[PDB]
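K.L.:
A single structure is presented below for examination.
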Amino acid sequence: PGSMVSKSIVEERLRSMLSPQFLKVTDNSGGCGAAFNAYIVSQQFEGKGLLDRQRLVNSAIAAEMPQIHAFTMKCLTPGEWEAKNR
Ligand SMILES: [Mg+2]
């Protein structure tokens with residue numbers, strides 16, 4: 001009720017910027033507001049360390065971040081995803 005950040009907006013922002021091969025967003029919204037966990041497989045993470053990956057994801061949802069209580073993520077390249085056997 002009255003929240004403008006949703007799992008759908010998060011999904012759309014991530015898809016728009018990161019064009020993932022695989023995305024699983026968990027809606028973890030609760031007492032303190034909107035919150036999500038994002039499992040993201042994207043070629044956009046190739047050539048980047050984990051902090052630089054996190055930066056890229058946060059930059060996708062920069063406009064929404066002040067309205068997000070918590071956001072957690074796991075960022076893999078499609079190569080790493082295949083090597084951890086998905
Ligand atoms: Mg927050």
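Residues are referred to by chain and number: the chain letter is A, B, ... according to the order shown in the structure tokens, the number counts from 1 in that chain, and ligands are numbered separately from 1 in the order shown.
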Enumerate as number ranges by chain the residues within 7 Å of ligand 1, counting only C-alpha atoms and all ligand atoms.

P.N.:
A: 65-71

K.L.:
Save the residues we just selected, N, CA and C atoms, as a CSV table (one decimal), in the first residue's frame?

P.N.:
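What landed in selection_1.csv:
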chain,number,residue,atom,x,y,z
A,65,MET,N,16.7,3.7,-4.7
A,65,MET,CA,17.5,3.2,-3.6
A,65,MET,C,17.1,3.9,-2.3
A,66,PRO,N,16.8,5.2,-2.3
A,66,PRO,CA,16.4,5.8,-1.1
A,66,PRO,C,15.2,5.2,-0.5
A,67,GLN,N,14.3,4.6,-1.3
A,67,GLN,CA,13.1,3.9,-0.9
A,67,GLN,C,13.2,2.4,-0.6
A,68,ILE,N,14.5,1.9,-0.6
A,68,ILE,CA,14.7,0.5,-0.4
A,68,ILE,C,15.4,0.3,0.9
A,69,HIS,N,14.7,-0.4,1.8
A,69,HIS,CA,15.3,-0.6,3.2
A,69,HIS,C,16.6,-1.4,3.1
A,70,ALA,N,16.5,-2.5,2.3
A,70,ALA,CA,17.7,-3.4,2.1
A,70,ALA,C,17.7,-4.0,0.8
A,71,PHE,N,18.9,-4.1,0.2
A,71,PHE,CA,19.1,-4.8,-1.1
A,71,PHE,C,20.4,-5.6,-1.0

K.L.:
Which residue gives the smallest distance to residue 2 (chain A) among A:34, A:26, A:85, A:79, with only C-alpha atoms counted?

P.N.:
A:34

K.L.:
Please give the complete set of residues from chain A that DSSP, run on the backbone, assigns to helix (DSSP H, G or I), formatted as an mmCIF file with N, CA and C atoms, in the first residue's frame.

P.N.:
data_model
loop_
_atom_site.group_PDB
_atom_site.id
_atom_site.type_symbol
_atom_site.label_atom_id
_atom_site.label_comp_id
_atom_site.auth_asym_id
_atom_site.auth_seq_id
_atom_site.Cartn_x
_atom_site.Cartn_y
_atom_site.Cartn_z
ATOM 1 N N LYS A 7 8.979 -5.360 -6.680
ATOM 2 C CA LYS A 7 9.760 -6.377 -7.290
ATOM 3 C C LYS A 7 9.768 -6.168 -8.812
ATOM 4 N N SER A 8 8.618 -5.805 -9.395
ATOM 5 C CA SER A 8 8.527 -5.560 -10.838
ATOM 6 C C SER A 8 9.427 -4.413 -11.310
ATOM 7 N N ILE A 9 9.452 -3.304 -10.576
ATOM 8 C CA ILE A 9 10.340 -2.169 -10.943
ATOM 9 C C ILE A 9 11.792 -2.542 -10.842
ATOM 10 N N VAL A 10 12.144 -3.285 -9.795
ATOM 11 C CA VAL A 10 13.523 -3.749 -9.583
ATOM 12 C C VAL A 10 13.923 -4.654 -10.741
ATOM 13 N N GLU A 11 13.043 -5.594 -11.084
ATOM 14 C CA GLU A 11 13.277 -6.487 -12.169
ATOM 15 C C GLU A 11 13.466 -5.726 -13.482
ATOM 16 N N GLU A 12 12.620 -4.735 -13.736
ATOM 17 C CA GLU A 12 12.684 -3.955 -14.967
ATOM 18 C C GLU A 12 13.986 -3.137 -15.053
ATOM 19 N N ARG A 13 14.391 -2.517 -13.953
ATOM 20 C CA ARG A 13 15.610 -1.729 -13.920
ATOM 21 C C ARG A 13 16.781 -2.608 -14.173
ATOM 22 N N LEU A 14 16.834 -3.748 -13.470
ATOM 23 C CA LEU A 14 17.969 -4.683 -13.640
ATOM 24 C C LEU A 14 18.026 -5.214 -15.050
ATOM 25 N N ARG A 15 16.879 -5.649 -15.582
ATOM 26 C CA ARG A 15 16.830 -6.138 -16.978
ATOM 27 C C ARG A 15 17.236 -5.074 -17.981
ATOM 28 N N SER A 16 16.751 -3.860 -17.780
ATOM 29 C CA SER A 16 17.072 -2.782 -18.692
ATOM 30 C C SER A 16 18.591 -2.507 -18.754
ATOM 31 N N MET A 17 19.254 -2.439 -17.585
ATOM 32 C CA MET A 17 20.692 -2.093 -17.534
ATOM 33 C C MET A 17 21.637 -3.281 -17.769
ATOM 34 N N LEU A 18 21.284 -4.444 -17.224
ATOM 35 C CA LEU A 18 22.202 -5.560 -17.136
ATOM 36 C C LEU A 18 21.908 -6.730 -18.067
ATOM 37 N N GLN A 43 26.401 -10.893 -18.538
ATOM 38 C CA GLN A 43 27.668 -10.596 -19.219
ATOM 39 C C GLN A 43 28.259 -9.225 -18.854
ATOM 40 N N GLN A 44 27.457 -8.314 -18.304
ATOM 41 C CA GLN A 44 27.951 -6.999 -17.899
ATOM 42 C C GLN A 44 28.926 -7.038 -16.723
ATOM 43 N N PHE A 45 28.937 -8.148 -16.020
ATOM 44 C CA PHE A 45 29.890 -8.380 -14.939
ATOM 45 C C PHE A 45 31.244 -8.932 -15.391
ATOM 46 N N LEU A 50 33.998 -8.107 -7.593
ATOM 47 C CA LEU A 50 32.695 -8.121 -6.938
ATOM 48 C C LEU A 50 32.204 -6.749 -6.458
ATOM 49 N N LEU A 51 33.065 -5.879 -5.935
ATOM 50 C CA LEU A 51 32.613 -4.533 -5.553
ATOM 51 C C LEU A 51 32.189 -3.718 -6.781
ATOM 52 N N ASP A 52 32.915 -3.852 -7.884
ATOM 53 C CA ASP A 52 32.519 -3.167 -9.104
ATOM 54 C C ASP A 52 31.213 -3.713 -9.719
ATOM 55 N N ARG A 53 30.960 -5.009 -9.539
ATOM 56 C CA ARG A 53 29.648 -5.604 -9.886
ATOM 57 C C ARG A 53 28.505 -5.005 -9.060
ATOM 58 N N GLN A 54 28.702 -4.931 -7.749
ATOM 59 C CA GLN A 54 27.707 -4.344 -6.856
ATOM 60 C C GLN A 54 27.413 -2.917 -7.206
ATOM 61 N N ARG A 55 28.457 -2.157 -7.499
ATOM 62 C CA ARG A 55 28.246 -0.805 -8.000
ATOM 63 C C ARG A 55 27.368 -0.703 -9.231
ATOM 64 N N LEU A 56 27.590 -1.600 -10.178
ATOM 65 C CA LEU A 56 26.809 -1.594 -11.391
ATOM 66 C C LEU A 56 25.327 -1.879 -11.116
ATOM 67 N N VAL A 57 25.051 -2.835 -10.261
ATOM 68 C CA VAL A 57 23.666 -3.153 -9.891
ATOM 69 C C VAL A 57 23.005 -2.011 -9.166
ATOM 70 N N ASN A 58 23.717 -1.389 -8.236
ATOM 71 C CA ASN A 58 23.158 -0.257 -7.501
ATOM 72 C C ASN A 58 22.924 0.919 -8.406
ATOM 73 N N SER A 59 23.789 1.108 -9.396
ATOM 74 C CA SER A 59 23.559 2.166 -10.359
ATOM 75 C C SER A 59 22.288 1.967 -11.231
ATOM 76 N N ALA A 60 21.906 0.725 -11.506
ATOM 77 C CA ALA A 60 20.639 0.408 -12.179
ATOM 78 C C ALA A 60 19.400 0.863 -11.418
ATOM 79 N N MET A 65 16.750 3.656 -4.747
ATOM 80 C CA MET A 65 17.524 3.223 -3.583
ATOM 81 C C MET A 65 17.128 3.895 -2.265
ATOM 82 N N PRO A 66 16.774 5.176 -2.321
ATOM 83 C CA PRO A 66 16.397 5.814 -1.068
ATOM 84 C C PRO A 66 15.158 5.194 -0.451
ATOM 85 N N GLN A 67 14.313 4.606 -1.299
ATOM 86 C CA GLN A 67 13.059 3.912 -0.923
ATOM 87 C C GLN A 67 13.246 2.429 -0.630
ATOM 88 N N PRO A 78 27.837 -15.225 -16.926
ATOM 89 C CA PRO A 78 27.241 -16.478 -17.404
ATOM 90 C C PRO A 78 28.259 -17.615 -17.401
ATOM 91 N N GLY A 79 29.557 -17.288 -17.583
ATOM 92 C CA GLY A 79 30.642 -18.239 -17.419
ATOM 93 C C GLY A 79 30.832 -18.842 -16.037
ATOM 94 N N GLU A 80 30.772 -17.989 -15.019
ATOM 95 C CA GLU A 80 30.840 -18.428 -13.647
ATOM 96 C C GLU A 80 29.608 -19.230 -13.261
ATOM 97 N N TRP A 81 28.434 -18.799 -13.733
ATOM 98 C CA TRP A 81 27.162 -19.502 -13.484
ATOM 99 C C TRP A 81 27.212 -20.920 -13.997
ATOM 100 N N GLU A 82 27.637 -21.068 -15.234
ATOM 101 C CA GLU A 82 27.804 -22.403 -15.806
ATOM 102 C C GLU A 82 28.842 -23.220 -14.982
ATOM 103 N N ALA A 83 29.942 -22.605 -14.567
ATOM 104 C CA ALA A 83 30.941 -23.322 -13.735
ATOM 105 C C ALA A 83 30.543 -23.669 -12.266
#

K.L.:
Kindly give the distance, in Å, that separates CA of residue 4 (chain A) and CA of residue 23 (chain A), rounded to a single decimal.

P.N.:
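That distance, rounded to one decimal, is 20.8 Å.
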
K.L.:
May I have all residues of chain A that DSSP, computed from the backbone, assigns to strand (DSSP E), given as an NGL selection string?

P.N.:
:A and (22-27 or 34-41 or 68-76)

K.L.:
Suppose we keep N, CA, C and O atoms; can you now write the selection as an mmCIF file, in the first residue's frame?

P.N.:
data_model
loop_
_atom_site.group_PDB
_atom_site.id
_atom_site.type_symbol
_atom_site.label_atom_id
_atom_site.label_comp_id
_atom_site.auth_asym_id
_atom_site.auth_seq_id
_atom_site.Cartn_x
_atom_site.Cartn_y
_atom_site.Cartn_z
ATOM 1 N N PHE A 22 19.979 -14.691 -16.582
ATOM 2 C CA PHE A 22 19.136 -15.205 -15.538
ATOM 3 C C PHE A 22 18.970 -14.183 -14.394
ATOM 4 O O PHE A 22 19.928 -13.578 -13.963
ATOM 5 N N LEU A 23 17.745 -13.993 -13.923
ATOM 6 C CA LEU A 23 17.485 -13.083 -12.819
ATOM 7 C C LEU A 23 16.419 -13.666 -11.904
ATOM 8 O O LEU A 23 15.372 -14.100 -12.390
ATOM 9 N N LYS A 24 16.701 -13.733 -10.606
ATOM 10 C CA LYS A 24 15.713 -14.165 -9.621
ATOM 11 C C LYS A 24 15.686 -13.088 -8.547
ATOM 12 O O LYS A 24 16.659 -12.915 -7.816
ATOM 13 N N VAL A 25 14.621 -12.304 -8.506
ATOM 14 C CA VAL A 25 14.452 -11.313 -7.451
ATOM 15 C C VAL A 25 13.456 -11.843 -6.425
ATOM 16 O O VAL A 25 12.358 -12.221 -6.783
ATOM 17 N N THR A 26 13.883 -11.857 -5.156
ATOM 18 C CA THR A 26 13.069 -12.206 -3.979
ATOM 19 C C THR A 26 12.586 -10.928 -3.346
ATOM 20 O O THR A 26 13.383 -10.021 -3.045
ATOM 21 N N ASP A 27 11.267 -10.860 -3.143
ATOM 22 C CA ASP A 27 10.652 -9.773 -2.431
ATOM 23 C C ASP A 27 10.758 -10.052 -0.930
ATOM 24 O O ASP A 27 10.115 -10.942 -0.368
ATOM 25 N N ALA A 34 10.370 -1.583 1.578
ATOM 26 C CA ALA A 34 10.753 -2.431 0.448
ATOM 27 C C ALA A 34 12.137 -3.023 0.645
ATOM 28 O O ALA A 34 13.001 -2.345 1.123
ATOM 29 N N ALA A 35 12.340 -4.299 0.298
ATOM 30 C CA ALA A 35 13.648 -4.905 0.418
ATOM 31 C C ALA A 35 13.669 -6.062 -0.529
ATOM 32 O O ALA A 35 12.664 -6.673 -0.768
ATOM 33 N N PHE A 36 14.830 -6.333 -1.108
ATOM 34 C CA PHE A 36 14.930 -7.366 -2.130
ATOM 35 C C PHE A 36 16.261 -8.075 -2.036
ATOM 36 O O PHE A 36 17.239 -7.522 -1.539
ATOM 37 N N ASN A 37 16.290 -9.277 -2.574
ATOM 38 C CA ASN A 37 17.525 -10.018 -2.762
ATOM 39 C C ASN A 37 17.574 -10.310 -4.275
ATOM 40 O O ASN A 37 16.580 -10.740 -4.809
ATOM 41 N N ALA A 38 18.711 -10.104 -4.937
ATOM 42 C CA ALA A 38 18.768 -10.276 -6.380
ATOM 43 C C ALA A 38 19.861 -11.264 -6.745
ATOM 44 O O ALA A 38 21.009 -11.024 -6.434
ATOM 45 N N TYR A 39 19.484 -12.402 -7.343
ATOM 46 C CA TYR A 39 20.415 -13.345 -7.968
ATOM 47 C C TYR A 39 20.510 -13.012 -9.462
ATOM 48 O O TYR A 39 19.538 -13.122 -10.187
ATOM 49 N N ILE A 40 21.690 -12.544 -9.894
ATOM 50 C CA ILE A 40 21.853 -11.912 -11.236
ATOM 51 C C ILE A 40 23.021 -12.554 -11.992
ATOM 52 O O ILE A 40 24.151 -12.531 -11.534
ATOM 53 N N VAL A 41 22.727 -13.104 -13.142
ATOM 54 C CA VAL A 41 23.726 -13.627 -14.073
ATOM 55 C C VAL A 41 23.714 -12.680 -15.285
ATOM 56 O O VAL A 41 22.694 -12.530 -15.940
ATOM 57 N N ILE A 68 14.475 1.919 -0.641
ATOM 58 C CA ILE A 68 14.701 0.515 -0.422
ATOM 59 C C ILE A 68 15.382 0.337 0.927
ATOM 60 O O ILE A 68 16.486 0.817 1.114
ATOM 61 N N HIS A 69 14.732 -0.383 1.848
ATOM 62 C CA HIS A 69 15.268 -0.621 3.183
ATOM 63 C C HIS A 69 16.578 -1.416 3.111
ATOM 64 O O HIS A 69 17.607 -1.066 3.770
ATOM 65 N N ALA A 70 16.538 -2.502 2.341
ATOM 66 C CA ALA A 70 17.697 -3.365 2.148
ATOM 67 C C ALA A 70 17.694 -3.969 0.756
ATOM 68 O O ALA A 70 16.653 -4.320 0.204
ATOM 69 N N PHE A 71 18.890 -4.133 0.210
ATOM 70 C CA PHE A 71 19.076 -4.767 -1.061
ATOM 71 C C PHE A 71 20.353 -5.573 -0.998
ATOM 72 O O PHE A 71 21.427 -5.046 -0.640
ATOM 73 N N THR A 72 20.217 -6.866 -1.252
ATOM 74 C CA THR A 72 21.332 -7.771 -1.314
ATOM 75 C C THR A 72 21.342 -8.441 -2.695
ATOM 76 O O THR A 72 20.340 -8.473 -3.417
ATOM 77 N N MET A 73 22.511 -8.975 -3.061
ATOM 78 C CA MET A 73 22.709 -9.511 -4.402
ATOM 79 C C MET A 73 23.844 -10.532 -4.479
ATOM 80 O O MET A 73 24.742 -10.585 -3.609
ATOM 81 N N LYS A 74 23.748 -11.378 -5.501
ATOM 82 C CA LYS A 74 24.825 -12.277 -5.909
ATOM 83 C C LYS A 74 24.971 -12.077 -7.420
ATOM 84 O O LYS A 74 23.981 -12.149 -8.146
ATOM 85 N N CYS A 75 26.176 -11.700 -7.863
ATOM 86 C CA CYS A 75 26.444 -11.264 -9.245
ATOM 87 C C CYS A 75 27.438 -12.269 -9.911
ATOM 88 O O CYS A 75 28.579 -12.382 -9.518
ATOM 89 N N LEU A 76 26.986 -12.967 -10.914
ATOM 90 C CA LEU A 76 27.821 -13.904 -11.637
ATOM 91 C C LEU A 76 27.828 -13.555 -13.109
ATOM 92 O O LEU A 76 26.832 -13.078 -13.663
#
